[PDB]
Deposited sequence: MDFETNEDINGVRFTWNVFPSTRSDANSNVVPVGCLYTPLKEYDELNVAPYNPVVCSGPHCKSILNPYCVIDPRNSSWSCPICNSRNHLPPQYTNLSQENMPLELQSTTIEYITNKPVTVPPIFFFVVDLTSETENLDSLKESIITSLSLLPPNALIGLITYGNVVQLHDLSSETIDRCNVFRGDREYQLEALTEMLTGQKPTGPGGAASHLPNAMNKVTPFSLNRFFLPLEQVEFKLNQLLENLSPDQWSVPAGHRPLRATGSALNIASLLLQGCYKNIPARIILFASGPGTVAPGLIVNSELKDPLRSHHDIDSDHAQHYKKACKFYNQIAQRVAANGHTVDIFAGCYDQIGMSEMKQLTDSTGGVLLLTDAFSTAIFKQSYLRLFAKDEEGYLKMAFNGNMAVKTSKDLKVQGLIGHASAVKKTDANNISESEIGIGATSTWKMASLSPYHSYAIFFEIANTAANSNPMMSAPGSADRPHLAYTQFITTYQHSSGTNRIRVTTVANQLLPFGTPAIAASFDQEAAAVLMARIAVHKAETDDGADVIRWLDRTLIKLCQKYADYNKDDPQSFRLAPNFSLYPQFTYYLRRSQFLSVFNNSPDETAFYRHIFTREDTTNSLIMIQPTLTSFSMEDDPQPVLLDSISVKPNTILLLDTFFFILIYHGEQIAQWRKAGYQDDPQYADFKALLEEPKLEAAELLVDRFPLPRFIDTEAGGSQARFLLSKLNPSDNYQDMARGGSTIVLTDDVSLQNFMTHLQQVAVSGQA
């Protein structure tokens, strides 16, 4: 089924039976593509303590798998992808049903390929000193707490900044020093190299082991930046310069070596390079309106600056994480690419005191069952495909790898295209990517796809995750096709394409595709709206469209430029299950005499005697009806006999806690009720799907050009 293939390969195709020709694929509207999670965790993943058996075919490089034609007598295997007979290797010349190689017993497997003979993971902390004591103190607390979650052999790096940027030097024991640079200049590698060069750049990066006391003392002694703040001005904060220096130093000594630049900002950059807003408070932070109407004066140079850096770290293969701790914007809209080009974190929080920050930050260092970090580095994903299948592009946190020898690249593109290989400075079990294909064709016919994700494991080994899938191609009209439609997958990839477009009328596109999809798949009588029927397996798509078009990341009405970037960053990273919650939030009703039960996202379900649980993924809200609010508002729950009431108030908090388990980042939790000022969040999410569905039926039965 749909869940099976995902449970076994972490793969979900929009169409599970591909059309047999490109004309057909176009008449299907929703592209043939899938959402893949290369480092998905399986309770029973097979790891081969050895290298893969690669295909000898010229220009292939595909790896042996379960869909290969194994010839025991001639001891040879045929390649599904490129189709050539290969000499089964020496060790495999004894393949029995009982003696099958590990790679032949599962469609997804991991090989412990070679071992890097190079540097451990690098953690470059870039802290912003222009924040208040309370805020800067609780941040100092977190960073320290994280340090004890890191591999003792991890290279640490430290830069503090505000008016100027200070690169700390931990290699000095005599006196703790640090090289200072101008927060108002755009230093260049050559210039920065000379200035910083016992002489080597590799002295600003040292093993946590041989430095944990110094670095701890140093972090315990940080104090707010102490320059003067004029009349009505914002502090001078040269983030732009800090990120420039940071990425340059790393390029200077650790190019193409896993590094993770972790920025902690408390406000927008108020100094060029990368200036988001001027210091004078009378200058407001741009809004979507301003950006849309070319009135956002600093925005274009900013984006143009940060993109320069993003291309750098992505090309050099370094990660950039951005944690914002403040009520106002810091410029995530302009700095976003830093995080999307690389597999970086992007978290918007009001303060470094928030649970959202604390829990999310420490969660980034979560470990697997072997006790190693879940994060992975220097990921490289290559998509091999049969000859009757091409690649259109990827939509996720990666960068295209060019000059490849691949021959399966489509002329048409979607997302990051013109290639079938991509790269991620950082990735993790929580990263999913949308790969879009094109039917190259212009007796069972099959198409094969193989995902080869080579990357660097936290255990310090290089591995190769392989997933191979097979999909049948059928003629225009075959019932199987319409049945192989995964409407949850289709909706997520379509939203993915929508965010990509919007990041580069999108709703007009959403509406047209929906109408075109229904015209083809709905059964009805021309010019007879009320006869419109969609099979149970398509019946949800329209609803998903309905919600998507008015979600947090497409219709950025009541959103600040940064909220939008935030929401979108997460959305183009998360999986099918969670992406849906982002599109169509969930609402569960709880009561004294019933079991938790799903309700329509409308006011109807706002009742006195019940408790509601709304899941926006970014938010988890628990609204208590008047009655229950009152009962809870004083007593009962604490009364032995009213143990049933107590369980009622607890059910929404357990489901809540179960959602929060493994989610990243952590959503903002909200406990409200009828009358509470936050109740708006719930209501501000309750024209109607009814009207939508009606107008939809009228167009689906009518003819277009």
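Asks: I have the full deposited sequence and the modelled structure. Can you tell me which residue ranges, counted from 1, have no C-alpha coordinates?
Replies: Those parts of the chain that were deposited but carry no coordinates are 1, 199-220, 466-480, 543-546, 729-749.
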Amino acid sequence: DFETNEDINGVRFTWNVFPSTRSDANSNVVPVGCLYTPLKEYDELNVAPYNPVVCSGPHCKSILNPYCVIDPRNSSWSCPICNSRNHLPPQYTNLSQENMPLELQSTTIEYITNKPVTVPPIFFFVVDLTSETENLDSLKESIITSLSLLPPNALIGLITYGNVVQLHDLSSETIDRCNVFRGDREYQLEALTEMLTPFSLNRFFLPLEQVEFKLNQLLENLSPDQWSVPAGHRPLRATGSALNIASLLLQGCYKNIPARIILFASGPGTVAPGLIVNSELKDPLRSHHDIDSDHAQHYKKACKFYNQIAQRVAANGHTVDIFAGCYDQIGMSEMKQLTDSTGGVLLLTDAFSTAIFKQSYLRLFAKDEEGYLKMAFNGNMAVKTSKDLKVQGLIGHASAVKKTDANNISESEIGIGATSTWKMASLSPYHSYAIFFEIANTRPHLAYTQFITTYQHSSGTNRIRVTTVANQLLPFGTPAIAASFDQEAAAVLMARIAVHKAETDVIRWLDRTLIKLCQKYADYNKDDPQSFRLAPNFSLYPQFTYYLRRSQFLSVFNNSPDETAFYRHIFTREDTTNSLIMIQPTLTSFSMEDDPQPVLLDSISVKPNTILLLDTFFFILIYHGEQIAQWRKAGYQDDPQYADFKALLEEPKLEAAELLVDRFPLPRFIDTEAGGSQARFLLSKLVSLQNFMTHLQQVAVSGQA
From here on, numbers count along this sequence of modelled residues.
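Asks: Look over 407-415 and 218-226 in the entry and identify the one with the greater average Cα temperature factor.
Replies: Averaging CA B-factors over each stretch, the winner is 218-226.
Asks: Can you tell me which stretch has the higher mean Cα B-factor, 171-179 or 318-326?
Replies: Mean C-alpha B-factor is greater for 171-179.
Asks: Out of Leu621, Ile464, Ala470, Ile291, whose C-alpha atom has the biggest B factor in the entry?
Replies: So the option with the highest C-alpha B-factor is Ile291.
Asks: Taking the Cα B-factors listed in the entry, which of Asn202, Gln392, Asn378, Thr478 comes out highest?
Replies: The record points to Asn202.
Asks: Compare the C-alpha B factor of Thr14 with those of the other modelled residues in its chain, then answer lowest, middle or highest third.
Replies: As the PDB entry reports it, the C-alpha B-factor of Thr14 lands in the lowest third of its chain.
Asks: Thinking about Cα B factors across the chain, which third does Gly675 belong to?
Replies: As the PDB entry reports it, the C-alpha B-factor of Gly675 lands in the highest third of its chain.
Asks: Going by the recorded CA B-factors, say which third of the chain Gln105 sits in, lowest, middle or highest.
Replies: Answer is middle: the recorded C-alpha B-factor places it there.
Asks: By its CA B factor, does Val30 count among the lowest, middle or highest third of the modelled residues in the chain?
Replies: Its C-alpha B-factor, which the entry lists for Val30, ranks in the lowest third among residues of this chain.
Asks: Compare the C-alpha B factor of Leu613 with those of the other modelled residues in its chain, then answer lowest, middle or highest third.
Replies: CA B-factor rank for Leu613: lowest third.
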